[PDB]
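Heads up: the sequence shown is residues 89 to 127, 134 to 223, going by the UniProt record's numbering. Ideal placement from N, C-alpha and C gives every residue a C-beta, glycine not left out.
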Amino acid sequence: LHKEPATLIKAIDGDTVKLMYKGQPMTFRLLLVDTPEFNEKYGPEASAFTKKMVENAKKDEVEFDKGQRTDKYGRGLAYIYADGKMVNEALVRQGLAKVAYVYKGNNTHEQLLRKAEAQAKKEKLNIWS
Ligand SMILES: Cc1cn([C@H]2C[C@H](OP(=O)(O)O)[C@@H](COP(=O)(O)O)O2)c(=O)[nH]c1=O
Ligand SMILES: [Ca+2]
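Here it is, written out as structure tokens:
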């Protein structure tokens, strides 16, 4: 896989963010994770965590997997990096997202994320508390 440039347009919630990619606005849905909705427990904390990462970064990047690049709603499907740190993994490691929506052929980072989740669960963080 490879990282590509993007710029933040606006944070939306824990697992969606609006970026400019190849000069066009797009909503991205983060691969392999599920944050709580804003109205649910940990939802506001997941939104705030993603927003801080993507806003404070000097450089945001998108990395598509090998399969589908957009979902049925027209959202981009990608791993998002903020100054080289993967948002998807960081949410899981903090217990602010579960590993979820693991479809075959866009699952390159599945085991990296499952290791983060085991660590968050052992530490009883957030969703796992
Ligand atoms: C993360 C991801 C979600 N989706 C779809 C499945 C779910 O469909 P349904 O809307 O029918 O439930 C929805 C979950 O997104 P949200 O968690 O953003 O609601 O997005 C994919 O198709 N591919 C993906 O990789
Ligand atoms: Ca969600």
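So, at 7 angstroms on beta carbons, what are the nonlocal neighbours of residue i in its own chain, with the 5 sequence-adjacent residues on each side left out?
i, result
"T164", "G170, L171"
"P113", "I97, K106"
According to DSSP, which residues form a beta bridge with residue i?
i, result
"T164", "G170"
"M180", "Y175"
"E204", "None, per the DSSP bridge assignment."
"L118", "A172"
For residue i, tell me which candidate among the options has the shortest Cα-Cα distance.
i, options, result
"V121", "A194, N150, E211", "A194"
"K209", "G189, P138, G102, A176", "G189"
"residue 43", "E204, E157, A184, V186", "Here the chain comprises residues numbered 89 to 223, so residue 43 is not present and cannot be evaluated."
"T115", "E134, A212, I100, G137", "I100"
"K153", "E211, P93, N200", "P93"
When DSSP labels each residue in this structure, what does residue i get in the three-state scheme?
i, result
"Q213", "helix"
"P113", "strand"
"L107", "strand"
"residue 48", "Because the chain in this structure spans residues 89 to 223, residue 48 falls outside the shown range and cannot be described."
"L185", "helix"
Since residue i is in the beta strand (DSSP E), which residue starts that stretch and which ends it?
i, result
"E92", "91-101"
"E157", "154-157"
With residue i as the anchor, note down where its alpha helix (DSSP H) starts and where it stops.
i, result
"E139", "137-150"
Residues in the same chain with beta-carbon distance under 6 angstroms from residue i, minus the five sequence neighbours each way, listed in chain order, please.
i, result
"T95", "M108"
Enumerate in chain order the residues of its own chain whose CB-to-CB distance from residue i is below 8 angstroms, with the five nearest sequence positions on each side excluded.
i, result
"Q213", "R187"
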